[PDB]
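Pasting protein12.pdb here (PDB, C-alpha atoms):
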```pdb
ATOM      1  CA  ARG A   1     -23.415 191.413-189.566
ATOM      2  CA  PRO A   2     -22.822 187.932-190.969
ATOM      3  CA  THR A   3     -21.690 187.665-194.570
ATOM      4  CA  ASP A   4     -20.969 185.034-197.194
ATOM      5  CA  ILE A   5     -17.221 185.556-197.148
ATOM      6  CA  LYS A   6     -15.868 182.048-196.771
ATOM      7  CA  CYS A   7     -13.186 181.405-194.179
ATOM      8  CA  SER A   8     -11.608 178.576-192.230
ATOM      9  CA  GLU A   9     -10.348 180.736-189.409
ATOM     10  CA  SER A  10     -10.951 184.021-187.674
ATOM     11  CA  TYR A  11      -7.662 185.739-188.417
ATOM     12  CA  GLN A  12      -8.638 185.579-192.068
ATOM     13  CA  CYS A  13     -11.714 187.681-191.457
ATOM     14  CA  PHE A  14     -10.483 190.236-188.986
ATOM     15  CA  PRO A  15      -8.203 192.148-191.367
ATOM     16  CA  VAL A  16     -10.650 191.699-194.219
ATOM     17  CA  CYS A  17     -13.366 193.327-192.146
ATOM     18  CA  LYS A  18     -11.087 196.102-190.950
ATOM     19  CA  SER A  19      -9.979 196.685-194.522
ATOM     20  CA  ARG A  20     -13.312 196.436-196.273
ATOM     21  CA  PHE A  21     -16.011 197.571-193.886
ATOM     22  CA  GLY A  22     -13.798 199.328-191.368
ATOM     23  CA  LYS A  23     -15.128 197.187-188.546
ATOM     24  CA  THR A  24     -13.274 196.733-185.282
ATOM     25  CA  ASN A  25     -13.025 192.961-185.440
ATOM     26  CA  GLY A  26     -14.319 189.919-187.278
ATOM     27  CA  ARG A  27     -14.853 186.249-186.525
ATOM     28  CA  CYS A  28     -15.391 183.162-188.648
ATOM     29  CA  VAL A  29     -18.901 182.044-187.777
ATOM     30  CA  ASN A  30     -19.808 178.656-189.190
ATOM     31  CA  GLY A  31     -17.242 178.984-191.944
ATOM     32  CA  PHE A  32     -18.355 182.470-192.912
ATOM     33  CA  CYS A  33     -17.106 185.842-191.756
ATOM     34  CA  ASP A  34     -19.115 187.923-189.332
ATOM     35  CA  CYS A  35     -17.990 191.499-188.850
ATOM     36  CA  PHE A  36     -18.651 193.685-185.833
TER
END
```
What do you get writing this file as structure tokens?
Amino acid sequence: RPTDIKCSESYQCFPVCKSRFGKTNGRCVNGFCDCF
């Protein structure tokens, strides 16, 4: 899902998603993290 976690770049999200939600990967969509 998309979130409201602000980011400039994807490598910011990926570990945050893996840490928080336990998702496989994340990507910065339109300046906000999307985890999947």
Point (-19.6, 189.9, -188.1), cut-off 9 Å, counting only C-alpha atoms, residues as a ChimeraX atom specification: /A:1-3,13,17,23,25-29,32-36
Polymer residues at most 9 Å from residue 31 (chain A), only C-alpha atoms, same-chain spacing of 6 or more positions, as an MDAnalysis selection string: chainID A and resid 4:9
How big is the axis-aligned box around the listed atoms of region 24-30 of chain A once 5 Å is added on each side, and where is its centre? Give both in Å to one decimal, as lines of an AutoDock Vina configuration file.
```
center_x = -16.4
center_y = 187.7
center_z = -187.2
size_x = 16.8
size_y = 28.1
size_z = 13.9
```
